[PDB]
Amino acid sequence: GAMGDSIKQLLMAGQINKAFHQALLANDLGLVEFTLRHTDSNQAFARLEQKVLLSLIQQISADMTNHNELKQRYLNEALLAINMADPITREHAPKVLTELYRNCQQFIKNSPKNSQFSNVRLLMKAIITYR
């Protein structure tokens, strides 16, 4: 619809953060996934604002009942893109990562057979380093 269309438009224009603002302010993880499906990861992760990265981390991990490779790989890349020299990130990241951790812990208990199981376990180790 109108949101997805606008998002595809923004992304083609190279207005990547504006596309993600729209996707992330909609409170719709399906629209976020649509957005991730149409964005060039080598544009995204070359780049996305720190505030966008921390929100994406939040939103993807808030609901991991249908966690997958696309979202895991973005969780991976978004974490690796966290810039701990950014004073806002330095204040806000601790909280976002603690909740990411807590959600990953619930995911590995809920979904032991899931394809992303060991990937999330590895992510939880990486998180410890950021924290």
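Don't overthink the numbering: it's just position in the shown sequence, from 1.
Visitor: Should the segment between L70 and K71 be described as having none, 1 to 3, 4 to 9, or 10 or more unmodelled residues of the deposited sequence?
Guide: Missing in between: none.
Visitor: Mean Cα B factor from the PDB record: higher for 109-117, or higher for 14-22?
Guide: For C-alpha atoms only, the mean B-factor is higher in 109-117.
Visitor: On average, which has the higher Cα B-factor in the deposited entry, 25-33 or 83-91?
Guide: The deposited B-factors put 83-91 ahead on the C-alpha mean.
Visitor: In this PDB entry, which of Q50, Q58, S41, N103 has the top CA B-factor?
Guide: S41 has the highest C-alpha B-factor of those listed.
Visitor: Comparing against every modelled residue in the chain, figure out the third that the C-alpha B-factor of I128 lands in (lowest, middle or highest).
Guide: Ranked within chain, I128 CA B lands in the highest tercile.
Visitor: Can you tell me whether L97 has a C-alpha B-factor in the lowest, middle or highest third compared with the other modelled residues of the same chain?
Guide: Within its chain, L97 is a lowest-third residue by C-alpha B-factor, going by the deposited values.
Visitor: Divide the modelled residues of the chain into thirds by Cα B-factor and specify which third, lowest, middle or highest, holds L75.
Guide: CA B-factor rank for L75: middle third.
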